[PDB]
């Protein structure tokens, strides 16, 4: 089972509930090339929940993508899990690193659909610092899409 790889890189540890409960939102991505972010160009917003993957060391995201054009695309994604920022800039936040052969991207989620702008700024600033200058912030102009139970 070859899946894309997630590594938790840091989070706001004071947020509730634990990560496998409740909803998360997709805020922004940073990568070294535009290709590693292009998949998100049609996205307005993403609401999702994270679950343990039944098989070991696995994460499942159940998502509904709100599209810039206004429609909703439901999605169930399975990943392999790997074997400052959130202290003030990003309350309710989590940053993950997505990895497979030939690609890397950093992904910024939040418990809130509209976190304080200084979160995206600090994430941009930090990733830009280390030369991951391809950057994408979801516009989040539209309502979230329905997501099951």
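Positions refer to the first chain, counted from 1.
Deposited sequence between residue 83 and residue 84: 10 or more residues lack coordinates.
Comparing 105-113 with 90-98, the higher mean C-alpha B-factor in the PDB entry belongs to 90-98. Mean CA B-factor, 5-13 versus 18-26: the higher value falls on 5-13.
Residue set 55, 46, 37, 61: peak C-alpha B-factor at 55 (per PDB entry). Sorting the modelled residues of the chain by their CA temperature factor places residue 66 in the lowest third.
Among the modelled residues of the chain, residue 128 sits in the middle third by CA temperature factor in this PDB entry.
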